[PDB]
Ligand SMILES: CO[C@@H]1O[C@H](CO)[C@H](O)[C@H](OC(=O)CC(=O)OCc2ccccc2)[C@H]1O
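Okay, so here's just one chain, in structure tokens, the form solved without this ligand.
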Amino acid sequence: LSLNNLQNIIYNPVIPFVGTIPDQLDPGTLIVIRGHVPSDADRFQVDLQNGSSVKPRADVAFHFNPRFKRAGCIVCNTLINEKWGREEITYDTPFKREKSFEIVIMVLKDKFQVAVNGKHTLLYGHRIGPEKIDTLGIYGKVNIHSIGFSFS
């Protein structure tokens, strides 16, 4: 699966980052996030959100949260009407402190498919319609090299 036609590319964004996604996340669209975690980082998160409201809090369709303590994990969840759901934890994680990642989030009709550095990482079934997603948030101790979208 190819990373062709990446557009609206932002390099070295300031973190915390909150940015409007330039087009609708229809099936087969990609979000590509490249970066690395510093040596003192314990976690970071990527949030695909319905808007950028703070109070009331924006719904988070997809919360993708690598954690680095010990052998590490990835926590995924959704926030609806200011309440987190039950998390889905993935223990087979490719993330390491000081190791770079290319996170590819592919939106399908029924789920997100996430790959890191060209290798499948996890699936996450939609709990909110992906058509409602228009905002990308990135928070925590993380150095983001680039953010890009594939709509074409």
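The first residue of the sequence shown is number 1, and the count goes up from there. Shifts are known only where both forms have a C-alpha. Between two forms, the rigid core is the largest collection of C-alphas that superpose within 1.5 Å.
The same protein also exists as the form solved in complex with this ligand; that form is not shown, yet it is the one meant from here on.
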Open site or blocked site for this ligand in this chain, with its pose taken in the deposited bound form and fitted by superposition, and blocked meaning 3 or more ligand atoms within 2.4 Å of backbone or C-beta? open
Please determine, with the chain shown alone, which of 92-100, 23-31, 64-72, 111-119 has non-hydrogen atoms within 4.5 Å of this ligand in the deposited bound form. 64-72
Tell me, yes or no, whether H126 is in contact with this ligand in the deposited bound form, where a contact means a heavy atom of each within 4.5 Å. no
With heavy atoms only and a cut-off of 4.5 Å, decide whether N50 touches this ligand in the deposited bound form. no
For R57, is any heavy atom within 4.5 Å of this ligand in the deposited bound form, or not? yes
Residue runs (3+) with all C-alpha shifts of 2 Å or more between the shown form and the other one, core-fitted, in sequence order, are 1-7
